[PDB]
Amino acid sequence: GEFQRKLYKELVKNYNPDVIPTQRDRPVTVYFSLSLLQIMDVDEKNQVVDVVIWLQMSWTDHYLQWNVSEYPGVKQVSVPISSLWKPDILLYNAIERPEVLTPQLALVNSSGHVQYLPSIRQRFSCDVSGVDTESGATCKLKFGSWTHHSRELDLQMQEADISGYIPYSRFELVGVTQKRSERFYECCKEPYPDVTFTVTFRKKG
Amino acid sequence: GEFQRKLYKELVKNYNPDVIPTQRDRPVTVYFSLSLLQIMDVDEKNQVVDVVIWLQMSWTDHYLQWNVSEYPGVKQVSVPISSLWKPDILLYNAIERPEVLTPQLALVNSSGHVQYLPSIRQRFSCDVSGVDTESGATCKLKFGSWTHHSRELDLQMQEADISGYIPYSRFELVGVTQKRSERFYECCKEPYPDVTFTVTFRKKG
Amino acid sequence: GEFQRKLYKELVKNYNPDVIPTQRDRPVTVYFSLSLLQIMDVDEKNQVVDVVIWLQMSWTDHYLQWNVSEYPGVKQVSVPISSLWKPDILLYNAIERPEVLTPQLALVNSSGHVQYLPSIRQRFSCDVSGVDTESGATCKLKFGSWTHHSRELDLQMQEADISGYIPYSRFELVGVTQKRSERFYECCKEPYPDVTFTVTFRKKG
Amino acid sequence: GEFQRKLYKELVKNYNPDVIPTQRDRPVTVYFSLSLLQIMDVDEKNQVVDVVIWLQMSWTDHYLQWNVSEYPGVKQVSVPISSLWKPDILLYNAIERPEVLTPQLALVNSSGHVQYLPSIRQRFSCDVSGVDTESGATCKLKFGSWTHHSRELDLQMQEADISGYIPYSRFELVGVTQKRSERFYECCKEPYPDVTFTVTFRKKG
Amino acid sequence: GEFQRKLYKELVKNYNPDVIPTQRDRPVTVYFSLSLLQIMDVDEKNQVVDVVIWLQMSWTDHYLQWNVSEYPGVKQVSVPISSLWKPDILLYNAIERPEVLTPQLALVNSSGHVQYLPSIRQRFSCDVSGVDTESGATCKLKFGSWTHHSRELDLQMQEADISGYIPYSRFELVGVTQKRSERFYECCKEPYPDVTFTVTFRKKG
Ligand SMILES: *[C@@H]1O[C@H](CO)[C@@H](O[C@@H]2O[C@H](CO)[C@@H](O[C@@H]3O[C@H](CO[C@H]4O[C@H](CO)[C@@H](O)[C@H](O)[C@@H]4O)[C@@H](O)[C@H](O[C@H]4O[C@H](CO)[C@@H](O)[C@H](O)[C@@H]4O)[C@@H]3O)[C@H](O)[C@H]2NC(C)=O)[C@H](O)[C@H]1NC(C)=O
Ligand SMILES: *[C@@H]1O[C@H](CO)[C@@H](O[C@@H]2O[C@H](CO)[C@@H](O[C@@H]3O[C@H](CO)[C@@H](O)[C@H](O)[C@@H]3O)[C@H](O)[C@H]2NC(C)=O)[C@H](O)[C@H]1NC(C)=O
Ligand SMILES: *[C@@H]1O[C@H](CO)[C@@H](O[C@@H]2O[C@H](CO)[C@@H](O[C@@H]3O[C@H](CO)[C@@H](O)[C@H](O)[C@@H]3O)[C@H](O)[C@H]2NC(C)=O)[C@H](O)[C@H]1NC(C)=O
Ligand SMILES: *[C@@H]1O[C@H](CO)[C@@H](O[C@@H]2O[C@H](CO)[C@@H](O)[C@H](O)[C@H]2NC(C)=O)[C@H](O)[C@H]1NC(C)=O
Ligand SMILES: *[C@@H]1O[C@H](CO)[C@@H](O[C@@H]2O[C@H](CO)[C@@H](O)[C@H](O)[C@H]2NC(C)=O)[C@H](O)[C@H]1NC(C)=O
Ligand SMILES: CN1[C@@H](CC(=O)c2ccccc2)CCC[C@H]1C[C@H](O)c1ccccc1
Ligand SMILES: CN1[C@@H](CC(=O)c2ccccc2)CCC[C@H]1C[C@H](O)c1ccccc1
Ligand SMILES: CN1[C@@H](CC(=O)c2ccccc2)CCC[C@H]1C[C@H](O)c1ccccc1
Ligand SMILES: CN1[C@@H](CC(=O)c2ccccc2)CCC[C@H]1C[C@H](O)c1ccccc1
Ligand SMILES: CN1[C@@H](CC(=O)c2ccccc2)CCC[C@H]1C[C@H](O)c1ccccc1
Ligand SMILES: O=C(NCCCO)c1cc(Br)c(Br)[nH]1
Ligand SMILES: O=C(NCCCO)c1cc(Br)c(Br)[nH]1
Ligand SMILES: O=C(NCCCO)c1cc(Br)c(Br)[nH]1
Ligand SMILES: O=C(NCCCO)c1cc(Br)c(Br)[nH]1
Ligand SMILES: O=C(NCCCO)c1cc(Br)c(Br)[nH]1
Ligand SMILES: O=C(NCCCO)c1cc(Br)c(Br)[nH]1
Ligand SMILES: O=C(NCCCO)c1cc(Br)c(Br)[nH]1
Ligand SMILES: O=C(NCCCO)c1cc(Br)c(Br)[nH]1
Ligand SMILES: O=C(NCCCO)c1cc(Br)c(Br)[nH]1
Ligand SMILES: O=C(NCCCO)c1cc(Br)c(Br)[nH]1
């Protein structure tokens, strides 16, 4: 569409994806949740879990807003995430890079709200010695910004999902809880928030 | 050809491959089909299937059309798919990224119709516990746009293929059916279409 | 050389490597041959062969010619293949992308004749159930353009090679024959050519 | 922030990340330390250790400083490490490239001090034949600049860490020492510094 | 340094890394040597050797020289090898691409002499059936330009190294010799030089 093309032309003009879109010392609030689509494997010897997780991230970037009357009909645009600022959220437990299974695209609406929903295949470290018991194994998946404290990037939780779990995998999901925290570290004056998912599962065997 | 060179020079001038080529709120219709060239492996423990599939996608991009009388002789051009908009179609069942086996080129004709026919090696999740039975295992391969609803991208089916199947693999293909759906999701007002291929196969023994 | 530098400066100026260098509806003739340097492995379970093959491709690109009297001393130049048009030749039997073992460079002479001789490590599909028999296994390696028909790209065969075969591998090469064909496909009006190498080999044990 | 955006615009203008930011023949001092987060595996046959290590590097780049009164509020910025000069520090014992697990971002303050803290998964060569003894196996992890001698890049040590070690891995960390050295090599007039970590560990079983 | 920054700015201005820096039909002399740091593995079944080798390459590029009085203090610069012309030297025996373990940087001095010293992990083909004998296995590692004959690129040998060999690997290095040759091939009028390293080794038991 013609108004879409003009809209994209304006991004490349003025926008720097390296700059976190804070304003007036207000943080950028990033909503974060997770759906555990699969447990692919559990390596009992090496204390590693292999999962597919669907992350849901959303935030407002004030630099991405436009006047709906100046680009009529254009309600949302699909945009390569590499051309936007994105949260530098890291899974602390990860022992390999993530493999992103989905197109690397974000949805952005007229008031600059961005939705980025990557599905990833990820291996991470966890004590899984309980996995063949009734109790199962319980792993923590701690997520947080690598470089931004609470006054720059305000990580916030949202309602999660057991409904995406693939029923035919050889592990059953006993449950998932989630918790947001602020911690300090000896380096830095300001607190860093994290959102941690506690996941309990066991072998169907 | 000299007219070919002038024709390509015009693409780089006006064209943004990030923008879906809708016009007048009309969707872009994308025709989608599949030929299952091979079942390479079936991992019974991890519930994974390894295939080579040949996808056939085609759509019209109105920005790619030209006057055949102004570029005489030039009936179709071979073009890197990376310089065109392409459908963000995803295999929902995939547990790894696809490996594209074919040149990343599309054919485009004078009225802007694009053919993109990648062959991919792909591993995906499926309940394969039936694979050593007469009934075999039946897997769904659901394909759909990750970011575009029906009013932007109208996914449509076409005539599929058993004729490419490699006869000497250790799995025999019992059959393939296909089905198009529109579904809604709790988020979004507009429906997303998918095309799903149901594939039944079994070990030869 | 100083004349070499001026010669390269002229490529970047006028040349588009995406455009097949046909002229006056005449095809570009591409000469194609192969030397099978090694059979690395044969996977009897998965019906896969692992080889190193040395391809020899050559064609004339009329846009790459220059006046030898205007660039004196410059008889041929070594050029990154990515900055030239190259044939989009594909091994139809391949089940993984190729791994190129050689510098990605082509030789080009003053009348625009290009030599490109990549050595590749490649795994491909083949019925190898005969490999521990006197008859051995016989595999077809079919090569062809993915996007260009006979009137654009005229694929032509040349004299091949058993002399590069590594004598100490655990497979012996019984023989190699080669054949050029034209086929039609239901889509397209024009025929596509291929060059197929039939390779027979067996386990030494 | 608006002052943040103007600040980044000035980097791209004047700055070359290939140039080591020495001044007045003074070296760039790079502070270096390590936290050994995990021993993932030990390959006794191939004499290889697989670890995750968290490196802490910091240096001053005089070209990155700014006036705090001219960019009010802007105390530190998060920046892609690829757009800054970075130390070419190498783990001498490495037998594969590193896999970086963290966002490739550095913190930079107003006086051009840069903090870069990558976590890496890395396999390296070590005599591990002692690993199931009380004494354990003792490995050297020698780190140093690949191309800069002491008068250009002054590598300096800092206080290290056993406290990050994951308690549930099947190896226990006995102890870590660290040592800085200057050596000469027959080639070169100037000495090269290194920082070496000696790490002792053993199988728990 | 300020003079360093101006020096780099001049490279990007005038220099093309695709052009071999011959002058007055004189070849570019490339000095080549090798230190075999490790034998990682020997695959007896597939006739493959896995090594880490440290290559030492040096040549003069007349386009890289500068006046020391015009860039005072600047004696050598560390430069990404991708921004310089480099020899297209190939290990003829290689069955996989190399993995470069070192920063991809070269040293260049004021008279345009370039030092490039990559350490690589490389698997290559060799008859290793002797590896469990007193005699051991003897492999040839033949290195040479892929596209340049002797009158363009004059490959020359230098004094090599057993002193880097890791003492704790399960193979002992019996010896390494080296030899330079000129050969002709039926295609081409001019001879191609190579430098071959003969390496003898055996399992320690
Ligand atoms: C951007 O970030 C950088 C790094 O954090 C900051 O630069 C540092 O600034 C601090 C504070 O000014 C410096 O700390 C001071 O350093 C003095 C010199 O230290 C060096 O030299 C001595 C030997 O003479 C060594 O022992 C020492 O390890 C260093 O090599 C010290 O003398 C100071 O110590 C005294 O004051 C402190 C504070 O009151 C007392 O607690 C001490 O007991 C002591 O009496 C002091 O530690 C530091 O050197 C700088 N680091 C670097 C790496 O350069 C920038 O300030 C920051 N920019 C902005 C705008 O904030
Ligand atoms: C650029 O390279 C090409 C390819 O190497 C050169 O063309 C080839 O030149 C050979 C040798 O001269 C030709 O063979 C000759 O054919 C005639 C009969 O037709 C015969 O009299 C000779 O004995 C010899 O066999 C060959 O046909 C030709 N091949 C192709 C594909 O064009 C070309 O000369 C080079 N250009 C320049 C400017 O050097
Ligand atoms: C940049 O580094 C290169 C390589 O170290 C330097 O070139 C080398 O310079 C030395 C001393 O000038 C040369 O030695 C001389 O060689 C000649 C001819 O063979 C001989 O007759 C003399 O007795 C003397 O030994 C050396 O050959 C030369 N090497 C190469 C490969 O060119 C260069 O000088 C350095 N430049 C600066 C400014 O540091
Ligand atoms: C852009 O998207 C956001 C998020 O979907 C919309 O903001 C929400 O608006 C609804 C009420 O209309 C409420 O759920 C919340 O108050 C908002 N959510 C958040 C996360 O801020 C916003 O309306 C959209 N803008 C437009 C113009 O459509
Ligand atoms: C470009 O290709 C498309 C698809 O092959 C052509 O559209 C078809 O036109 C024929 C008319 O003979 C119809 O019967 C088909 O049903 C059309 N298909 C679709 C999807 O539109 C188009 O005509 C071609 N353009 C040119 C100039 O040849
Ligand atoms: C179609 N898709 C979303 C696409 C979208 O709007 C989107 C994409 C990318 C970024 C931002 C938004 C909208 C909500 C449904 C979802 C698909 C399903 O939940 C799903 C996802 C992953 C595995 C299995 C099933
Ligand atoms: C030759 N090729 C197509 C090439 C083309 O025109 C094309 C390429 C790329 C984009 C658009 C069109 C046209 C239809 C036939 C096909 C070849 C065979 O079906 C095949 C496909 C996959 C594996 C094995 C064999
Ligand atoms: C030296 N080299 C070629 C290099 C060249 O001129 C060339 C390179 C790239 C493009 C165009 C031409 C020319 C023909 C001989 C060949 C060497 C041997 O046959 C060989 C090839 C592959 C594996 C093992 C041995
Ligand atoms: C939050 N994070 C650092 C982030 C930061 O300031 C930083 C990042 C990148 C560049 C420069 C600075 C500061 C120190 C604490 C650390 C987190 C924890 O110790 C940790 C590190 C590695 C693995 C597991 C856990
Ligand atoms: C410090 N380093 C070289 C670094 C340099 O100046 C250099 C780097 C890159 C390009 C040109 C020159 C110079 C010669 C010594 C070498 C280190 C040692 O041999 C070594 C190599 C590999 C494993 C263990 C030890
Ligand atoms: O340039 C953009 N917004 C500024 C408003 C100018 O009217 C913008 C945001 C997104 Br998402 C795109 Br595409 N462009
Ligand atoms: O590992 C992560 N960060 C590194 C990015 C590439 O260097 C990461 C990001 C997200 Br979202 C997850 Br889950 N992990
Ligand atoms: O997984 C797919 N897309 C990922 C994009 C890169 O992150 C994908 C596309 C198609 Br067609 C298939 Br099958 N999978
Ligand atoms: O720019 C193109 N066409 C529009 C102008 C008509 O003269 C165009 C289409 C394709 Br396909 C290429 Br390449 N360029
Ligand atoms: O798979 C092939 N082509 C895809 C595009 C580049 O990877 C291919 C080409 C050749 Br030659 C072989 Br063998 N495979
Ligand atoms: O510019 C080139 N050819 C056109 C002729 C201009 O007089 C050219 C061909 C090659 Br190969 C290079 Br490098 N440049
Ligand atoms: O095969 C080599 N080069 C191909 C192009 C770059 O990947 C090569 C060079 C050297 Br030195 C070795 Br060992 N292999
Ligand atoms: O440009 C920067 N600093 C110089 C000040 C000129 O106004 C600079 C440093 C960093 Br980190 C960024 Br982003 N910009
Ligand atoms: O610019 C450079 N040399 C061209 C001649 C001007 O004196 C040059 C060489 C190297 Br290494 C760099 Br960085 N720049
Ligand atoms: O090998 C290293 N550097 C080369 C650049 C590409 O990997 C390296 C750096 C560090 Br820190 C480690 Br550990 N390895």
Side-chain angles (χ1 to χ4, degrees), chain B residues 1 3-12 37-42 50-52 54 56 58 72-84 98-109 115-122 158-159 161 163-171 204, chain C residues 14-28 43-49 62-63 82 85-99 122-130 137-140 143-149 151-153 185-190 192:
Chain B
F3 294 86
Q4 290 211 265
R5 279 187 60 243
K6 167 71 155 135
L7 190 51
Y8 284 69
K9 209 160 54 145
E10 298 285 293
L11 178 69
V12 160
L37 306 182
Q38 261 213 84
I39 300 179
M40 299 304 305
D41 215 326
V42 171
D50 192 341
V51 301
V52 177
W54 182 34
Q56 290 132 107
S58 61
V74 185
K75 265 133 207 196
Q76 57 177 355
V77 296
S78 190
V79 177
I81 190 71
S82 70
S83 58
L84 305 184
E99 189 189 353
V100 180
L101 306 173
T102 44
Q104 296 261 251
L105 294 171
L107 285 175
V108 181
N109 76 8
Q115 294 232 271
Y116 181 50
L117 315 175
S119 175
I120 79 198
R121 175 92 181 252
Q122 178 70 83
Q158 256 181 194
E159 308 288 39
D161 224 327
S163 75
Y165 197 66
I166 264 75
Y168 53 69
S169 95
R170 55 174 216 288
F171 306 85
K204 296 182 179 170
Chain C
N14 260 70
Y15 187 87
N16 186 346
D18 295 328
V19 178
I20 187 168
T22 52
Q23 54 167 37
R24 312 138 136 160
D25 311 305
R26 189 95 68 189
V28 172
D43 187 340
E44 293 185 56
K45 195 199 144 230
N46 299 310
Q47 298 289 276
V48 176
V49 180
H62 82 91
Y63 295 105
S82 69
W85 177 83
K86 51 163 300 209
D88 63 328
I89 294 190
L90 152 74
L91 170 53
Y92 279 74
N93 318 78
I95 52 156
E96 296 179 45
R97 302 170 91 269
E99 187 179 358
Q122 181 69 84
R123 279 182 289 282
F124 64 92
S125 184
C126 174
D127 185 353
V128 300
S129 42
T138 291
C139 299
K140 284 158 184 273
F143 291 92
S145 165
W146 190 239
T147 63
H148 296 295
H149 55 68
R151 310 304 165 249
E152 291 174 65
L153 192 166
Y185 300 87
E186 193 198 354
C187 60
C188 315
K189 301 234 132 205
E190 306 84 25
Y192 290 75

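Every chain is numbered from 1 and lettered A, B, ... according to where its sequence line falls, protein lines coming before strand lines.
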Checklist entry - With chain B, which of C/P98, C/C126, C/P21 has the greatest number of heavy-atom pairs at distances under 4.5 Å? => result C/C126
Next on the checklist: If you count heavy-atom pairs within less than 4.5 Å of chain B, which of C/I89, C/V128, C/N46, C/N16 leads?
Outcome noted: C/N46
Checklist outcome for this item: Tested for side-chain contact (heavy atoms from CB on, under 4.5 Å) against B/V52, the lone hit among B/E99, B/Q122, B/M40 is B/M40
Next on the checklist: Test of understanding: with side-chain hydrogen bond (donor to acceptor under 3.5 Å, both in side chains), list the residues that count as partners of C/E152, not counting sequence neighbours.
Outcome noted: C/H148, C/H149
Checklist entry - Among B/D50, B/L117, B/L37, who wins on heavy-atom pairs under 4.5 Å with chain C? => result B/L117
Residue [X] versus chain C: region with a heavy atom under 4.5 Å:
X: B/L107; result: side chain
X: B/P80; result: side chain
X: B/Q38; result: side chain
X: B/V100; result: backbone

Next on the checklist: Please check if the number of heavy atoms outside B/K75 that lie under 6.0 Å from its NZ is greater than 12.
Outcome noted: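 Counting other residues, nucleotides and ligands, NZ of B/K75 stays at 12 neighbours or fewer.
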Checklist entry - How long is the span from the CZ atom in B/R170 to the OG atom in C/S129, to the nearest 0.5 Å? => result 13.5 Å
Next on the checklist: Return the OG to CG distance between C/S145 and C/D88, rounded to the nearest 0.5 Å.
Outcome noted: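 Reported value, rounded in 0.5 Å steps: 3.5 Å.
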Checklist entry - Are B/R5 and C/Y63 in a cation-pi contact, defined as NZ or CZ under 6.0 Å from the six-membered ring centre and within 45° of the axis? => result yes
Item to check | Which atoms of C/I95 approach chain B - backbone, side chain, both or neither, heavy atom under 4.5 Å | outcome: both
